[PDB]
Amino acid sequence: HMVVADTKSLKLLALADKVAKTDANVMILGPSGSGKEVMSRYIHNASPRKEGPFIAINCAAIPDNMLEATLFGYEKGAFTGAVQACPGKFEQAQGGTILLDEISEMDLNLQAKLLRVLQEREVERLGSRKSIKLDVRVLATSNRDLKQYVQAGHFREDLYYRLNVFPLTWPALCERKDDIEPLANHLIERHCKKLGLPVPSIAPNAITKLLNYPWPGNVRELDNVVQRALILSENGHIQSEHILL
């Protein structure tokens, strides 16, 4: 469930609803913790593939450099430690959507293979010469500017244009201030639902405190402040702290 109240955010929402009906690649941009991931999940559920699989892979969080292995999958003995066969992420997303979180940090080599997959609608596992027809909708996410990455030599131009037909950008939280109260309430309800507890309320004062803070860490940071506030138990007074904790 995605909270949208600010008029810039409704604009975003209506853009997203448009692409979500289609099978175009969606590039979801925005600063840290600004909600790129809930947007990607929103588009899947808004899309005609809603009932199909939703597979995510964070290319910025895959240790041991198993990014290529995770993506394409592999056969037993495709490399050191390949002790078994293993389907790629694309295989799991058949008939649904795949989310490439942070394609920016994918290496050039891997970008090449990914491009071919996008061009061919096919994929082979590492160690395999057998092709697999894909019916997969593609979403991607980036924290960097891909254009600048292309200009800087770290990203392929052709891969760029393919992934960026329809880019969606979250404004930073301080640019869409009307989202703050609705978001704050949501995060409170969220957390309290988890713990069987009834949701408390937030003092006007506390709300004001939340409104006049620029939120460098955006909605992630807000969520942090909200959870903190609940520990200083259930309400919302000046139980909000940002930078004097």
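In this text, residue numbers run from 1 along the sequence as written.
- Comparing 40-48 with 63-71, the stretch with the higher mean C-alpha B-factor in the PDB entry is 63-71.
- Legend: mean Cα B-factor per stretch from the PDB entry, 227-235 versus 8-16; the higher mean is in 227-235.
- For the set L210, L197, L29, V26, the PDB entry assigns the largest Cα B-factor to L197.
- Of all the options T169, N164, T141, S128, the entry's greatest CA B-factor is assigned to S128.
- Per the deposited record, the Cα B-factor of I57 falls in the highest third when ranked against the other modelled residues of its chain.
- In the PDB entry, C192 places in the highest third of its chain by CA B-factor.
- Sorting the modelled residues of the chain by their CA temperature factor places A184 in the middle third.
- Remark: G96 belongs to the middle third of its chain, ranked by C-alpha B-factor as recorded.
- Among all modelled residues in its chain, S34 ranks in the middle third by Cα B-factor.
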